[PDB]
Amino acid sequence: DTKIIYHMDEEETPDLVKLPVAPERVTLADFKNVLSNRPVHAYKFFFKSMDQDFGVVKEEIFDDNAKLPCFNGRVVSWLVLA
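In this text, residue positions in the sequence shown follow PDB author numbering: the first is 3, and each later residue adds one.
1. Can you tell me whether DSSP reads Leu30 as helix, strand or coil?
2. Would you be able to state if there are at least three C-beta pairs under 8 Å between the stretch 13-26 and the stretch 39-50?
3. Threshold first: 3 residues or longer. Then list the beta strand (DSSP E) segments lying entirely within the stretch 40-71, N to C.
4. Would you call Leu70 buried or exposed, if buried means 16 or more other Cβ atoms sit within 10 Å of its Cβ?
5. Buried or exposed: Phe49, going by 16 or more other Cβ atoms within 10 Å of its Cβ?
6. Straight-line CA distance for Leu30 to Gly57?
See the structure below:
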């Protein structure tokens, strides 16, 4: 029910995936499990979100059970190595 586009440092273009789960209740784990071909543990994972005080920001999220920020119905992410 929910589509996250994500960016890689070493890719000309962003990827776009859809997860079964709903826009809420969708969590870092969901996203991670859809990336079986990638070495997930080596990455950091930032998500575009709206902070009520500073506006648009790239929020880092590290807990598998953390809901993912949605920017206008859309989850937008950046993967980075440690």
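Just so it is clear, CB atoms sit at the ideal spot from N, CA and C, and this is done for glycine as well.
According to the data block:
1. For the purposes of this step, residue 30 is taken as residue 28 along the sequence shown, with counting starting at 1. Looking at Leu30 - three-state DSSP - the assignment turns out to be helix.
2. no
3. Segments of the beta strand (DSSP E) lying fully in the stretch 40-71: 48-53 and 57-62.
4. Counting from 1 along the sequence shown, the entry for residue 70 is found at position 68. Buried is the call here.
5. For the purposes of this step, residue 49 is taken as the residue at position 47 of the sequence shown. With 16 or more Cβ atoms within 10 Å of its Cβ, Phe49 is classed as buried.
6. In the sequence shown, counting from the first residue as 1, residue 30 sits at position 28. In the sequence shown, counting from the first residue as 1, residue 57 sits at position 55. Roughly 22 Å between the two C-alpha positions.
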